[PDB]
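For reference, the structure is listed below as structure tokens.
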Amino acid sequence: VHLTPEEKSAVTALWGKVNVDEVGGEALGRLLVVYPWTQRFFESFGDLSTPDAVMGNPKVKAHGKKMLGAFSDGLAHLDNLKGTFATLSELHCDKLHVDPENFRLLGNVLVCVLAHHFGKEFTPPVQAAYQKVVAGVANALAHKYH
Amino acid sequence: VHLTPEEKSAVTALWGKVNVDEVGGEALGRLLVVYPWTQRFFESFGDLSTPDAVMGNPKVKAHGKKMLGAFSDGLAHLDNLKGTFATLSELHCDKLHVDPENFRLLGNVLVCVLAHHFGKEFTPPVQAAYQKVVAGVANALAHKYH
Amino acid sequence: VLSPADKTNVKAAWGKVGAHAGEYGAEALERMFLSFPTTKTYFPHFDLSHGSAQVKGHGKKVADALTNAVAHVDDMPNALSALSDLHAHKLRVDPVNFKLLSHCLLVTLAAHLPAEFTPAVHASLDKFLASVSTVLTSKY
Amino acid sequence: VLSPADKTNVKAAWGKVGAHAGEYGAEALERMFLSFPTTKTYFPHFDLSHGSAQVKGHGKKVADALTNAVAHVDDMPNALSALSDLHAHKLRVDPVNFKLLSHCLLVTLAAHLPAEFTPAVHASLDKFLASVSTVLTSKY
Ligand code: HEM
Ligand code: HEM
Ligand code: HEM
Ligand code: HEM
């Protein structure tokens, strides 16, 4: 609902170091590899046969940057993610029919990617802050399912 | 978010036939039998060793009527369940630390109980209406976790 | 992991389903499509209206696979082998959706078997449907 | 169901954990308690502060059980037998909580094994932790 100032601090400080272009491709890629049924929504992307294929797929990194773009955008508007993600909520819910559990998995994958990238800097309180964020984004995206 | 008039019609018509006192004991009982970890929140209730013990347990039916009471109350206020379940949300979330997934399971158990009781009258559109209801109640109860 | 009691309960309850097996499968599907509209996108080539011959036919297939599972409850992975491949590889069915269909199957059973659907049998059927779901999602 | 590749990936990644096994277990627990406060109610007699000797000791136990599971990956139900009984009967741990701890274990592994934590290995570890979770929740 609300991040504490220390949580906000943790989120923004870390995100200023995030390569938006890259972390996006990585999280989407890992989603498709780790949770293979999610590939069903990206039949157009071409080769997704192997993990290397998926990660190296131009269409996957391109769209992952789009996705994370919306996320990076979501952080500058943490007060009301509901209104912020409305266009995307209708899209994902009414048109794509993505089950909202997948929003939760993607957020957790993103957390894994941040941990991978930042190592020791991605401390447990820093993680806890990002878990509130990814849950908020997930819930905002799921609002049109309710 | 909003039931259609036909859904409202389905809900209220069926609920007017519900024995509030009985359906409550039954759903709670079945929750405890079907999802045994939920017993962890009711250590005080005494004997819960067997299904017959659980269903026949006075403390379980007593509290199941309480629970369903709040539910029966929840139906006369379907516009804003959030405000309606606030006292219960803080209780279940801040004090009891029930994982919200359990709210979802209880609602589905309730649906099974209604189906058992009403048989053919519990049609697929009637069920669909109640699924929106039990999801709304579940989400309202989970709001304090966000 | 099904207990001896679970297997007894499942065999008994499903045994009472009899010639309705097909019919109940079809009803569970309809309950799922109406309660959980996101599932409909797996059947874009079905007419999903009430009474649809395609839903009826498909429900019989779903019921038959459940019967195979009951009949071979001690080695469901083997028995449901080809179906596991179909749902994971070919169809890429989201594992969440198996919980939805499983719930709607319980509701259908509850609605048709007043006597059989005790709390104990309910628990047994739930675990059975979860084990089936585990096998069908096992090849991801 | 773990593939030959999954077992290879899991054995390799966990093999790189070495003498840190205990330490990483403790960190996963702390990550879980801080990110998912509802889990804390299972340890009312632990001090859950950072650096708690009790969390450290318990993390070593959790890590050791994971190692047992890796070492006997082809028969985890047998290997984790006593633990399955403990978590289901005695402790009555909500199955949701195994997903939370599993996620926090992946995060810990990611944070400590830059090289090993590839997408393929990530997938393998996730499935491994899910199978472990299945066994530990299997006696309900
Ligand atoms: C959870 C956080 C997510 C965010 C922030 C997000 C964001 C976005 C954005 C910004 C777009 C581009 C929309 C546009 O072109 O205007 C998009 C499209 C899309 N998303 Fe996501 N997404 C998320 C999760 C998911 C998941 C989990 C899936 C599938 C499993 C998914 C499937 C798709 C697909 C198939 C499109 C292409 C639709 C189109 O452009 O026609 N999304 N998403
Ligand atoms: C999902 C719908 C639910 C509703 C509408 C509901 C409703 C209620 C109500 C009305 C009370 C009495 C509160 C009072 O005395 O003022 C209560 C108490 C309680 N609930 Fe629930 N409940 C739900 C789900 C659950 C679940 C799933 C669990 C556990 C798995 C649970 C655990 C408890 C416990 C342990 C108490 C006793 C707390 C006390 O009175 O000190 N509830 N609930
Ligand atoms: C108890 C769980 C399930 C069982 C026993 C089951 C059984 C089956 C069977 C036997 C078939 C083959 C039909 C044939 O060969 O003609 C099939 C196909 C199929 N299943 Fe399932 N299924 C289950 C869950 C699901 C779920 C949850 C979904 C999606 C929401 C799903 C979607 C499909 C689709 C789209 C097909 C192909 C239908 C066609 O193209 O004609 N299944 N399933
Ligand atoms: C990978 C999953 C898990 C593993 C491998 C695991 C492992 C273990 C082990 C080895 C013990 C025995 C400790 C001892 O004998 O001293 C134990 C006990 C215990 N576990 Fe877990 N566990 C897991 C998941 C969970 C989860 C998710 C929870 C709750 C959120 C939990 C709560 C507990 C509690 C409360 C005890 C008793 C601690 C005490 O009273 O000292 N476990 N677990």
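Whatever order the structure lists them in is the order used to number ligands and atoms, beginning at 1. So that the names make sense, note that chain A is the first sequence line, chain B the second, and so on, each numbered from 1. Values reported hereafter were calculated over all heavy atoms of this structure, with side chains retained and with hydrogens, waters and symmetry mates removed.
Put simply, the residue from C:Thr39, C:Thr38, C:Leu105 that forms a side-chain contact (heavy atoms from CB on, under 4.5 Å) with C:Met32 is C:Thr39.
Protein heavy atoms are found less than 4.0 angstrom from atom 33 (C) of ligand 2. Taking a distance limit of 4.0 Å, we find that atom 40 (O) of ligand 2 is approached by no protein heavy atom.
Taking only non-hydrogen atoms, the option from B:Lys66, B:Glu43, B:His92, B:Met67 nearest to atom 43 (N) of ligand 2 is B:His92.
Distances between N or O atoms of C:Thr39 and those of ligand 3 include no value under 3.5 Å. The N/O atoms of D:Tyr42, backbone and side chain alike, include none that comes under 3.5 Å of an N/O atom in ligand 4.
When distances to atom 21 (Fe) of ligand 4 are checked against a cut-off of 2.8 Å, D:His58 contributes no N, O or S atom below that limit.
Both the backbone and the side chain of B:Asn102 come within contact range of ligand 2, each with a heavy atom under 4.0 Å.
Atom numbering of ligand 4 starts at 1 in the shown order; those under 4.0 Å from a heavy atom of D:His45 are 39 (C), 40 (O), 41 (O). Every atom of ligand 4 is numbered from 1 in the order shown, and the set under 4.0 Å from a heavy atom of D:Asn97 is 27 (C), 30 (C). The ligand atoms of ligand 4 that sit less than 4.0 angstrom from a heavy atom of D:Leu83 are 9 (C), 10 (C), 11 (C).
For B:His63, the closest heavy-atom approach to ligand 2 falls below 4.0 Å.
Residues B:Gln131 and C:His103 have side chains that bring a donor and an acceptor to within less than 3.5 angstrom of each other.
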